Amino acid sequence: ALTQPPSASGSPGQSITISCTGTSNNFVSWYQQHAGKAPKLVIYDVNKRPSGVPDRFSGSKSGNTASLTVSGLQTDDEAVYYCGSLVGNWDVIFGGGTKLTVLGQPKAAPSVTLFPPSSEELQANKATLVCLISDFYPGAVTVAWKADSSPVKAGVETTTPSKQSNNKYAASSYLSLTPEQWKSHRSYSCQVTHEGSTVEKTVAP
Amino acid sequence: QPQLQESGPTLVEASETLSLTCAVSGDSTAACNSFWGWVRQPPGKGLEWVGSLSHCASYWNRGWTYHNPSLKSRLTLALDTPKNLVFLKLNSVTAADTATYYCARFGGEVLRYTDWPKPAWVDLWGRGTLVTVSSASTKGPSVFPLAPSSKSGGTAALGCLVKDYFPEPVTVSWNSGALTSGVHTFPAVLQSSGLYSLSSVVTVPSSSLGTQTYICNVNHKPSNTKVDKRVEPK
C-alpha cells in the first residue's frame, strides 16, 4: 500500500514537500482535492504535469518514496492531496491523503470537552460519550478513545473538522456503548492529537 | 474540454443494487487511448478504485475489464459506445458502499502496451454523485441534553445530541435565536444503522447557569418535527 502523512502545512510563499511511501514503479500520480469537490490530476508518470497545472507543482521519486513539491504556496493550494499508483498487473491504489493547510493564522491547540451519557439517554437504554473539540488550527486532528487504559475502536464516529464562527476549527467524536459497558469500567477517555501533541479528557460513571 | 456526468439514484436500500450511468462528452469511449470506469470515496475518507474497462480488443479477447478484487464478486461494468455511456452496477450494497462515486477516465500505458494495457491514473474526473445506502424511513430525531457541570476557567460548555433521524437535514438554534455567540453545530454522521446524528454546542458563562435557561431548538422538516430541549446543569 501507499502511505502518506495525514497532514502538512506551510505559509504562503514557502515551499513544501509531501511524501508517499510504498511506490514500486513509475506509474505514480498525484491528485488535488479541494473541499467538497472532485479530485484533479496534478502529476502523472512521476513528474509530468497535465496542461494547465501550474509549474509550481512538481513530482519526484527517491527509492520507493514519491514526493510532491509545491514551490511558492498560495492560499488556494490548500486541499487534500492523494498519491496513486498502478500495482500488481493492472490494479490502481491510492494513498490515504494528506491535508495540506496554507497557514493563514497562528497555530492553536484544541480545547476538549467530554460529556458522559445523559440521564435521559440512559433512561432510554442507550449511551453515547460525546467528545467535542474546539478552537484549533490547522484543522486536522486524530481522536483515540480508551476504556480505562485500553484502546477502544468499535462504536466510534468522528467528524471532519468544521470551521467555527471565529475561524478556528472544531470536530466531534462519539463513542457508542451499552449502558452495561459504560458502567463496567472505572473511566473512559477521549484523546485528541493535534500537531503531534495531545489533550485528553476523562469521565467516570 | 471533455466532461463526465454521473446520474442515477442517490438513495439505495441495503441489500439492493446500486446502478449509475456516466455520460461522456468531448471524447470517444470507442477510441483506444483511455479506459473508462469509476472511483469512489466514502464521506470524510479516501479514494478507492472501483474498476475500468475498454472495448478495444487484442487478437485474444474482446476488450479488457479490470476490477478492484474486493468488489469483483458484486461488480459489473459496461460501456455503450454509440451513446458514449459508462455503467456501474454494484449488487448487495451495505453501509460500506455509501460514497461519492466518480466517473473516471484512465490513462497510462493504454494505446500502446506490452502484454496488457496499464491504466494507472485518472486524468479526467466527473463531479461525483453521493449515493447513500440506507434502508431507513423518514424519522424525527431523539434529542438529549449535554449538560454542563454547575462548577474551564469560568465558562461552561453545554449542548444537545440529536440522534437517529432520517433524512437530512436538521437545523439547531439556541433560545429561539436569542443565543448565537459561541454556538457551533457539527456536521451529521451517517451511522451504520442508516440513521444520522449530530450535536450542537454553545459555551456560556458558568455564572449564568443558575439564572439563564438554555433550550436547543431542533428542526427536522422532513418529518415536520420540532423539539425544544431544555438543557439543565447536572
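Residues numbered from 1 in each chain as written, not as in the entry; some residues may be left out. Chains lettered and ligands numbered in written order. Heavy atoms only, no water. Residues with missing side-chain atoms left out of burial classes, pairs and counts.

In the PDB archive, X-ray crystallography is given as the structure determination method for this entry, at a resolution of 1.290 Å.

The record lists its title as "Crystal structure of broad and potent HIV-1 neutralizing antibody PGT128 in complex with Man9".

Chain A is annotated in the PDB entry as PGT128 light chain, Ig lambda-2 chain C regions from Homo sapiens. According to UniProt, the comment filed for chain A under the heading Subunit is "Immunoglobulins are composed of two identical heavy chains and two identical light chains; disulfide-linked." (UniProt positions renumbered as here; feature names shortened; annotations may be inferred.)

J.: For this particular structure, what's the right way to read the interface of chain B and chain A?
T.: One widely used convention gives an interface's size as the accessible area the parts lose upon coming together. Counting from both sides, the interface comprises 45 residues of chain B and, opposite them, 41 residues of chain A. The junction of chain B with chain A conceals about 3400 Å² of combined surface from both sides, 69% of it contributed by carbon and sulfur atoms. It is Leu-47, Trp-49 and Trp-121 of chain B in chain B that bury the most area against chain A; as a group they hold 18% of the surface buried on that side. Put simply, chain B and chain A have 2 salt bridges between them. Salt-bridge contacts for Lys-229 of chain B lead to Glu-120 of chain A; the nearest nitrogen and oxygen are separated by 2.9 Å. (Contact = heavy atoms within 4.5 Å. Buried area = accessible area lost by both parts, 1.4 Å probe. Salt bridge = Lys/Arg side-chain N within 4 Å of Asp/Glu carboxyl O.)

J.: What's the story with the domain arrangement of chain B in this structure? I'm lost.
T.: All names here are of chain B. Domain boundaries in chain B define domain 1 (2-135) and domain 2 (136-233). Its C-alpha centre places domain 1 at a distance of 40 Å from the equivalent point of domain 2. Contact residues are listed per partner, giving 6 residues for domain 1 and 7 residues for domain 2. For the pair domain 1 and domain 2, the summed buried area comes to about 420 Å², and 58% of that belongs to carbon and sulfur atoms. Interface area lost by domain 1 to domain 2 is led by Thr-132, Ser-134 and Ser-135, which between them contribute 64%. Along the contact surface separating domain 1 from domain 2 lie 0 salt bridges. Put simply, domain 1 and domain 2 have 2 residue pairs in polar contact between them. Looking at side-chain class alone, the side of domain 1 that touches domain 2 contains 2 nonpolar, 4 polar and no charged residues. (Domains from an automatic or database assignment. Polar contact = N/O pair within 3.5 Å; in protein donor to acceptor, adjacent residues only side chain to side chain. Nonpolar A, V, L, I, M, F, W, Y, C, P; charged D, E, K, R; others polar.)

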